[PDB]
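Heads up, the chain below is alone and in the form deposited in one PDB entry; it's given as C-alpha cells.
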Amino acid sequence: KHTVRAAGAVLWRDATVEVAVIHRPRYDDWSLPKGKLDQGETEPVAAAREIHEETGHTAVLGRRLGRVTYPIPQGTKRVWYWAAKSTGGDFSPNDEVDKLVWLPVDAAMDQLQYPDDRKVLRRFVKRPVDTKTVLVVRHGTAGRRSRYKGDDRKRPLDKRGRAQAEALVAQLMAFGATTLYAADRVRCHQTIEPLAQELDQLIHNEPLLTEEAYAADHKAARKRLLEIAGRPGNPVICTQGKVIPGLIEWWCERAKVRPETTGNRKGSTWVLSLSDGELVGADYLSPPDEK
C-alpha cells in the first residue's frame, strides 16, 4: 500500500522513428529507462534526469504515455512515462546499464520483455510524437481571497507558493518551455517569474485570461489561447482556477482528446501536446509539492 514513485520515457530519434531500449546486468532485463523520484522532484524532472543518467542523452519531454504499477517489497512501484525526443548525447556502457539499442518500434516491441513496457510503446505510436507544447499553469498558493468583490489584483504568492514557483522551473524546462505568458494578476506573474529569470525572458501580460475577463467574454479568452498556441515555441500560460477547467474542457471536447488525469490545483500544469496545430494530448500534472 506504500507507493514508490518513479518516472521514465520512450526516448526516440529521427513509424520512421527509432526508440531506445536498455539492458541492465543486475536484472538481465531489456526495458525502457526509468527511475525513482528524488526528494523534491516531480515525475517529468525525474524522467528527464533518468534518461540522461541511464542513456547519456538530453531530451525534451512531450506527451505522457500512461502509468505502470507493479508490486515490490516496499509496496507498489508506480511509473509514469513520457515521449522524449533526443536532443543528443552518447551512451557509454557501465555496470548499471551495459547496452543501449536504438530500434524501430516493431523490433523494440519484440526486445522489450515487460508486457507493461510494450503497452507504453503501443501508446507512443498511437499518436504523433513530434509535438509542440503549450503549458497551462494554475498560479501557486497566494493566501485566501478577501471579503471584497471579485478578485484581488495584487495579492501575492505566499511562502508555499513562492517555493512552488521555484519548483516549477525544472518541471517546465523539462518540456522545452521557451516563451512566457501570465494573466493580468500579480500571483500569476510571480508563479512564472523564477522561470522568467532562468530563461532571461519577459512575461507577456494577458488581460483577456483573468477570471473577470473569462466570465465577461469567454470567446475572446479561447481565441487568445489559440493565438498564443499558434506562435512558434512552447508557451507557458499562467492563469486562474475559474479559467483553466473551461479552456481545457473546451479544447479537449473539440479535438476529441481524453485526459487520463484531472485536476485544477494551485501550482498544477496542463501539458497540451499539438501536432500541426491539432491537440493530441492533455496531461494534468499535480503541483510540484503534491502527490
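We call the rigid core whatever largest set of C-alpha positions still superposes within 1.5 Å between the two forms. Shifts are known only where both forms have a C-alpha. Numbering starts at 1 and follows the sequence shown.
The following text describes the form deposited in another entry, which does not appear among the structures shown.
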Rigid core superposition between this form and the one not shown: residue from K159, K219, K154, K149 with Cα shift of 2 Å or more: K149
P115 C-alpha relocation of at least 2 Å between this form and the one not shown, rigid core basis: no
Exceeds or equals 2 Å, Cα of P207 between this form and the one not shown, core fit: no
Core-aligned C-alpha movement of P104 between this form and the one not shown, 2 Å or more: no
Comparison of CA distance in that other deposited form with shown form for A213, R147, at least 3 Å: farther
In that other deposited form, whether the C-alpha atoms of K149 and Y214 sit closer or farther than here (change of 3 Å or more): farther
Shifted regions of at least three residues between this form and the one not shown, judged by C-alpha displacement of 2 Å or more after core alignment: 73 to 75, 146 to 151
